[PDB]
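Q: Provided herewith: final_5.pdb, PDB, C-alpha atoms.
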```pdb
ATOM      1  CA  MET A   1      88.637 110.646-119.384  1.00  0.00           C
ATOM      2  CA  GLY A   2      90.619 111.424-116.227  1.00  0.00           C
ATOM      3  CA  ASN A   3      93.510 109.093-117.029  1.00  0.00           C
ATOM      4  CA  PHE A   4      94.426 106.403-119.548  1.00  0.00           C
ATOM      5  CA  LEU A   5      95.053 103.047-117.857  1.00  0.00           C
ATOM      6  CA  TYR A   6      96.852 100.159-119.518  1.00  0.00           C
ATOM      7  CA  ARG A   7      97.385  96.567-118.391  1.00  0.00           C
ATOM      8  CA  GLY A   8      98.527  93.460-120.240  1.00  0.00           C
ATOM      9  CA  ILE A   9      98.371  89.726-119.613  1.00  0.00           C
ATOM     10  CA  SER A  10     100.407  86.736-120.829  1.00  0.00           C
ATOM     11  CA  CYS A  11      98.075  84.273-119.093  1.00  0.00           C
ATOM     12  CA  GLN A  12      95.544  84.559-121.924  1.00  0.00           C
ATOM     13  CA  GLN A  13      94.912  80.917-121.060  1.00  0.00           C
ATOM     14  CA  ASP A  14      93.515  81.743-117.610  1.00  0.00           C
ATOM     15  CA  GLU A  15      91.738  84.786-119.064  1.00  0.00           C
ATOM     16  CA  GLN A  16      89.985  82.858-121.855  1.00  0.00           C
ATOM     17  CA  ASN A  17      89.426  79.804-119.620  1.00  0.00           C
ATOM     18  CA  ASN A  18      87.727  81.819-116.876  1.00  0.00           C
ATOM     19  CA  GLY A  19      86.144  84.011-119.540  1.00  0.00           C
ATOM     20  CA  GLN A  20      86.635  87.004-117.245  1.00  0.00           C
ATOM     21  CA  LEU A  21      90.439  87.548-117.060  1.00  0.00           C
ATOM     22  CA  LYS A  22      90.544  86.075-113.538  1.00  0.00           C
ATOM     23  CA  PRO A  23      88.260  84.127-111.096  1.00  0.00           C
ATOM     24  CA  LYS A  24      86.237  86.434-108.810  1.00  0.00           C
ATOM     25  CA  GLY A  25      83.791  86.318-105.898  1.00  0.00           C
ATOM     26  CA  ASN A  26      82.502  89.709-104.734  1.00  0.00           C
ATOM     27  CA  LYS A  27      80.357  90.277-101.619  1.00  0.00           C
ATOM     28  CA  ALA A  28      79.950  92.608 -98.586  1.00  0.00           C
ATOM     29  CA  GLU A  29      78.187  95.486-100.393  1.00  0.00           C
ATOM     30  CA  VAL A  30      78.616  98.028 -97.576  1.00  0.00           C
ATOM     31  CA  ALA A  31      78.814 101.841 -97.317  1.00  0.00           C
ATOM     32  CA  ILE A  32      82.585 102.417 -97.690  1.00  0.00           C
ATOM     33  CA  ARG A  33      83.924 106.003 -97.660  1.00  0.00           C
ATOM     34  CA  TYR A  34      87.379 107.487 -98.315  1.00  0.00           C
ATOM     35  CA  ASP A  35      87.575 109.577 -95.140  1.00  0.00           C
ATOM     36  CA  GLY A  36      90.806 111.334 -94.129  1.00  0.00           C
ATOM     37  CA  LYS A  37      91.059 108.392 -91.779  1.00  0.00           C
ATOM     38  CA  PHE A  38      88.910 105.920 -93.710  1.00  0.00           C
ATOM     39  CA  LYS A  39      87.925 103.585 -90.858  1.00  0.00           C
ATOM     40  CA  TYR A  40      84.855 102.643 -92.911  1.00  0.00           C
ATOM     41  CA  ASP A  41      85.155  99.006 -91.774  1.00  0.00           C
ATOM     42  CA  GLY A  42      82.523  96.694 -93.277  1.00  0.00           C
ATOM     43  CA  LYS A  43      80.012  94.118 -92.038  1.00  0.00           C
ATOM     44  CA  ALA A  44      81.237  92.478 -88.818  1.00  0.00           C
ATOM     45  CA  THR A  45      82.901  89.228 -89.876  1.00  0.00           C
ATOM     46  CA  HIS A  46      86.694  88.826 -89.725  1.00  0.00           C
ATOM     47  CA  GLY A  47      88.181  87.782 -93.064  1.00  0.00           C
ATOM     48  CA  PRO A  48      89.486  89.070 -96.445  1.00  0.00           C
ATOM     49  CA  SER A  49      88.023  91.563 -98.950  1.00  0.00           C
ATOM     50  CA  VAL A  50      87.826  95.290 -98.063  1.00  0.00           C
ATOM     51  CA  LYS A  51      88.603  96.784 -94.608  1.00  0.00           C
ATOM     52  CA  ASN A  52      92.031  97.299 -93.047  1.00  0.00           C
ATOM     53  CA  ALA A  53      92.280  93.581 -93.786  1.00  0.00           C
ATOM     54  CA  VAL A  54      92.659  94.074 -97.555  1.00  0.00           C
ATOM     55  CA  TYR A  55      94.292  97.502 -97.208  1.00  0.00           C
ATOM     56  CA  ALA A  56      96.997  96.397 -94.765  1.00  0.00           C
ATOM     57  CA  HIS A  57      97.356  93.052 -96.565  1.00  0.00           C
ATOM     58  CA  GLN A  58      98.236  94.716 -99.882  1.00  0.00           C
ATOM     59  CA  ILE A  59     100.337  97.421 -98.197  1.00  0.00           C
ATOM     60  CA  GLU A  60     102.351  95.006 -96.043  1.00  0.00           C
ATOM     61  CA  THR A  61     102.334  91.527 -97.608  1.00  0.00           C
ATOM     62  CA  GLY A  62     100.870  91.464-101.115  1.00  0.00           C
ATOM     63  CA  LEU A  63     102.508  94.689-102.273  1.00  0.00           C
ATOM     64  CA  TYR A  64     100.598  95.242-105.522  1.00  0.00           C
ATOM     65  CA  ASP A  65     100.128  91.513-106.197  1.00  0.00           C
ATOM     66  CA  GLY A  66      97.363  92.405-108.655  1.00  0.00           C
ATOM     67  CA  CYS A  67      94.583  93.165-106.181  1.00  0.00           C
ATOM     68  CA  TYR A  68      94.774  96.885-107.013  1.00  0.00           C
ATOM     69  CA  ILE A  69      95.677  98.463-110.370  1.00  0.00           C
ATOM     70  CA  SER A  70      98.929 100.428-110.113  1.00  0.00           C
ATOM     71  CA  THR A  71      99.420 103.022-112.870  1.00  0.00           C
ATOM     72  CA  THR A  72     101.763 105.980-113.404  1.00  0.00           C
ATOM     73  CA  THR A  73     100.847 109.631-114.081  1.00  0.00           C
ATOM     74  CA  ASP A  74     102.103 109.171-117.674  1.00  0.00           C
ATOM     75  CA  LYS A  75      99.866 107.967-120.517  1.00  0.00           C
ATOM     76  CA  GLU A  76     102.975 106.627-122.296  1.00  0.00           C
ATOM     77  CA  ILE A  77     103.072 103.987-119.543  1.00  0.00           C
ATOM     78  CA  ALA A  78     101.429 101.727-122.139  1.00  0.00           C
ATOM     79  CA  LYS A  79     104.548 101.373-124.268  1.00  0.00           C
ATOM     80  CA  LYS A  80     106.974 101.245-121.352  1.00  0.00           C
ATOM     81  CA  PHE A  81     104.874  98.715-119.450  1.00  0.00           C
ATOM     82  CA  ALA A  82     104.287  96.491-122.485  1.00  0.00           C
ATOM     83  CA  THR A  83     108.003  96.391-123.356  1.00  0.00           C
ATOM     84  CA  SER A  84     109.483  95.990-119.862  1.00  0.00           C
ATOM     85  CA  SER A  85     107.001  93.218-119.043  1.00  0.00           C
ATOM     86  CA  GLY A  86     107.689  91.408-122.318  1.00  0.00           C
ATOM     87  CA  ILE A  87     104.033  91.699-123.310  1.00  0.00           C
ATOM     88  CA  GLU A  88     105.114  92.467-126.905  1.00  0.00           C
ATOM     89  CA  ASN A  89     104.085  88.837-127.460  1.00  0.00           C
ATOM     90  CA  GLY A  90     100.773  88.403-125.634  1.00  0.00           C
ATOM     91  CA  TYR A  91      97.486  90.084-124.681  1.00  0.00           C
ATOM     92  CA  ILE A  92      96.799  93.715-123.651  1.00  0.00           C
ATOM     93  CA  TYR A  93      93.741  95.685-122.501  1.00  0.00           C
ATOM     94  CA  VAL A  94      92.984  99.382-121.912  1.00  0.00           C
ATOM     95  CA  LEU A  95      90.792 100.877-119.164  1.00  0.00           C
ATOM     96  CA  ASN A  96      89.497 104.425-118.533  1.00  0.00           C
ATOM     97  CA  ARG A  97      89.830 106.058-115.090  1.00  0.00           C
ATOM     98  CA  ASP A  98      86.638 108.145-115.313  1.00  0.00           C
ATOM     99  CA  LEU A  99      84.778 104.827-115.247  1.00  0.00           C
ATOM    100  CA  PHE A 100      86.313 104.178-111.828  1.00  0.00           C
ATOM    101  CA  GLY A 101      85.341 107.717-110.867  1.00  0.00           C
ATOM    102  CA  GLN A 102      81.743 106.872-111.763  1.00  0.00           C
ATOM    103  CA  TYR A 103      82.101 103.544-109.947  1.00  0.00           C
ATOM    104  CA  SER A 104      83.437 105.488-106.937  1.00  0.00           C
ATOM    105  CA  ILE A 105      86.463 103.193-106.817  1.00  0.00           C
ATOM    106  CA  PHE A 106      89.274 104.399-104.554  1.00  0.00           C
ATOM    107  CA  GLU A 107      92.813 105.445-105.450  1.00  0.00           C
ATOM    108  CA  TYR A 108      96.015 105.712-103.427  1.00  0.00           C
ATOM    109  CA  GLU A 109      98.852 107.640-105.049  1.00  0.00           C
ATOM    110  CA  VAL A 110     102.369 107.331-103.651  1.00  0.00           C
ATOM    111  CA  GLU A 111     104.953 110.026-104.312  1.00  0.00           C
ATOM    112  CA  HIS A 112     108.653 109.677-104.982  1.00  0.00           C
ATOM    113  CA  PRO A 113     110.974 112.726-104.508  1.00  0.00           C
ATOM    114  CA  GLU A 114     109.554 115.844-106.196  1.00  0.00           C
ATOM    115  CA  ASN A 115     111.719 116.027-109.341  1.00  0.00           C
ATOM    116  CA  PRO A 116     111.397 112.350-110.516  1.00  0.00           C
ATOM    117  CA  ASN A 117     108.368 114.225-111.867  1.00  0.00           C
ATOM    118  CA  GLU A 118     105.966 111.301-111.338  1.00  0.00           C
ATOM    119  CA  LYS A 119     103.493 109.851-108.837  1.00  0.00           C
ATOM    120  CA  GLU A 120     102.354 106.223-108.695  1.00  0.00           C
ATOM    121  CA  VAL A 121      98.563 106.108-108.533  1.00  0.00           C
ATOM    122  CA  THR A 122      97.335 102.699-107.440  1.00  0.00           C
ATOM    123  CA  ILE A 123      93.626 102.160-108.084  1.00  0.00           C
ATOM    124  CA  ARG A 124      91.997 100.652-104.996  1.00  0.00           C
ATOM    125  CA  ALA A 125      89.184  98.433-106.253  1.00  0.00           C
ATOM    126  CA  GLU A 126      86.433  97.442-103.790  1.00  0.00           C
ATOM    127  CA  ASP A 127      87.662  93.848-104.171  1.00  0.00           C
ATOM    128  CA  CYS A 128      90.982  92.177-104.953  1.00  0.00           C
ATOM    129  CA  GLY A 129      91.747  91.481-108.604  1.00  0.00           C
ATOM    130  CA  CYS A 130      89.598  93.430-111.069  1.00  0.00           C
ATOM    131  CA  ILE A 131      86.174  93.568-109.381  1.00  0.00           C
ATOM    132  CA  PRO A 132      84.642  95.311-112.512  1.00  0.00           C
ATOM    133  CA  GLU A 133      84.500  93.124-115.636  1.00  0.00           C
ATOM    134  CA  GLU A 134      83.357  95.891-117.998  1.00  0.00           C
ATOM    135  CA  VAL A 135      86.184  98.217-116.913  1.00  0.00           C
ATOM    136  CA  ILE A 136      88.147  96.990-119.929  1.00  0.00           C
ATOM    137  CA  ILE A 137      86.918  99.430-122.561  1.00  0.00           C
ATOM    138  CA  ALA A 138      89.398  98.003-125.058  1.00  0.00           C
ATOM    139  CA  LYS A 139      90.965  94.563-125.547  1.00  0.00           C
ATOM    140  CA  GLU A 140      93.672  93.897-128.155  1.00  0.00           C
ATOM    141  CA  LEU A 141      96.320  91.258-128.857  1.00  0.00           C
ATOM    142  CA  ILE A 142      99.956  92.137-129.556  1.00  0.00           C
ATOM    143  CA  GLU A 143     102.676  90.546-131.710  1.00  0.00           C
ATOM    144  CA  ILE A 144     105.609  93.003-131.777  1.00  0.00           C
ATOM    145  CA  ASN A 145     104.700  96.695-132.152  1.00  0.00           C
ATOM    146  CA  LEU A 146     106.997  97.143-135.162  1.00  0.00           C
ATOM    147  CA  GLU A 147     107.033 100.101-137.595  1.00  0.00           C
ATOM    148  CA  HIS A 148     105.122 103.378-137.040  1.00  0.00           C
ATOM    149  CA  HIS A 149     107.980 105.149-135.229  1.00  0.00           C
ATOM    150  CA  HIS A 150     110.660 103.267-137.188  1.00  0.00           C
ATOM    151  CA  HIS A 151     111.779 106.374-139.111  1.00  0.00           C
ATOM    152  CA  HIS A 152     115.259 104.849-139.385  1.00  0.00           C
ATOM    153  CA  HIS A 153     116.016 103.547-135.906  1.00  0.00           C
TER     154      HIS A 153
END
```
Let's see the structure in the file written out as structure tokens.
A:
Amino acid sequence: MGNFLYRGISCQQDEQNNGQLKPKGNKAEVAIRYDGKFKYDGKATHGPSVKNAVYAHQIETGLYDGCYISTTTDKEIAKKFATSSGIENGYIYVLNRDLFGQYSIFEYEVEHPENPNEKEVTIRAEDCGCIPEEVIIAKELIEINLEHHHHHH
């Protein structure tokens, strides 16, 4: 529900080796609130994970390095993303947004000019790089999505 998220990986090696897509190490476990000016801060320590630290880090330096999940307002993003990223030969997983809504995970949507007709909604996880392991409601492998729409061309 909400939105259909799609993400694919060619590093099935790292995924299967870690047995969780990617190495993780969550902590903090603080209040956190998406206020108009969300100075929710955290514990007290000065480091990574959450806070203006992670927010500014991803905004300034690691611009969508994989910490947060960037997705478009179009469900057909799946096909476009899989093709343009050359995932046609690799691994792909699907995630539902309503799960994040239940999780109370944050989202920051950037807007291009009005008529491009699209907004980029980046899903701000409470930690960098897929903090929820069960967010992947579907996992499939892909070897060329041939046929189906091949009516003639």
Q: Skip stretch 98-106 of chain A itself and residues of its chain fewer than 5 positions away, then list as a ChimeraX atom specification all residues within 8 Å of it, counting only C-alpha atoms.
A: /A:1-3,34,123-126,135
Q: How many Å separate atom CA of residue A:49 from atom CA of residue A:22?
A: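 About the pair atom CA of residue A:49 and atom CA of residue A:22: they are 15.8 Å apart.
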Q: Using all atoms listed in the file, can you tell me which of A:140, A:118, A:41, A:29 comes closest to residue A:92?
A: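 Among the listed residues, A:140 lies closest to residue A:92.
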Q: One decimal, Å: what's the distance from atom CA of residue A:23 over to atom CA of residue A:133, could you say?
A: 10.8 Å
Q: Report, in Å with one decimal, the straight-line distance from atom CA of residue A:9 to atom CA of residue A:91.
A: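 Computed distance, atom CA of residue A:9 to atom CA of residue A:91, equals 5.2 Å.
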Q: Smallest atom-to-atom distance to residue A:130: which of A:4, A:68, A:55, A:38, using only C-alpha atoms?
A: A:68
Q: Might you spell out which residues the PyMOL selection byres ((chain A and resi 12) around 12) would select in the displayed file, as a list in words?
A: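 Applied to this file, the PyMOL selection byres ((chain A and resi 12) around 12) returns residues 8, 9, 10, 11, 13, 14, 15, 16, 17, 18, 19, 20, 21, 22, 87, 89, 90, 91, 92, 93, 139, 140, 141 and 142 of chain A.
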Q: Tell me which protein, DNA and RNA residues are within 7 Å of residue A:122, counting only C-alpha atoms, leaving out same-chain ones fewer than 4 positions away, and put them as a PyMOL selection string.
A: chain A and resi 68-71+107-109
Q: For the residues selected in the previous step, produce a file with C-alpha atoms as a tab-separated table (two decimals), in the frame of the given file.
A:
```tsv
chain	number	residue	atom	x	y	z
A	68	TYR	CA	94.77	96.88	-107.01
A	69	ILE	CA	95.68	98.46	-110.37
A	70	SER	CA	98.93	100.43	-110.11
A	71	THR	CA	99.42	103.02	-112.87
A	107	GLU	CA	92.81	105.44	-105.45
A	108	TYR	CA	96.02	105.71	-103.43
A	109	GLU	CA	98.85	107.64	-105.05
```
Q: In terms of the shortest atom-to-atom distance over only C-alpha atoms, which of A:112, A:40, A:134, A:67 is closest to residue A:54?
A: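 For residue A:54, the nearest of the candidates is A:67.
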Q: Go through A:5, A:51, A:24, A:72 one by one, measure the shortest atom-to-atom distance of each to residue A:116 using only C-alpha atoms, and give the residue with the smallest value.
A: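 Of the candidates, the smallest distance to residue A:116 is held by A:72.
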Q: My list of candidates is A:138, A:117, A:63, A:27. Which is closest to residue A:47 when distances are computed with only C-alpha atoms?
A: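 Using only C-alpha atoms, residue A:47 sits closest to A:27.
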Q: Counting all atoms listed in the file, figure out which residue out of A:128, A:121, A:95, A:82 gets nearest to residue A:145.
A: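 Using all atoms listed in the file, the shortest distance to residue A:145 belongs to A:82.
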Q: If the PyMOL selection byres ((chain A and resi 30) around 7) is run on the structure shown, which residues does it catch, given as a count of residues only?
A: 6
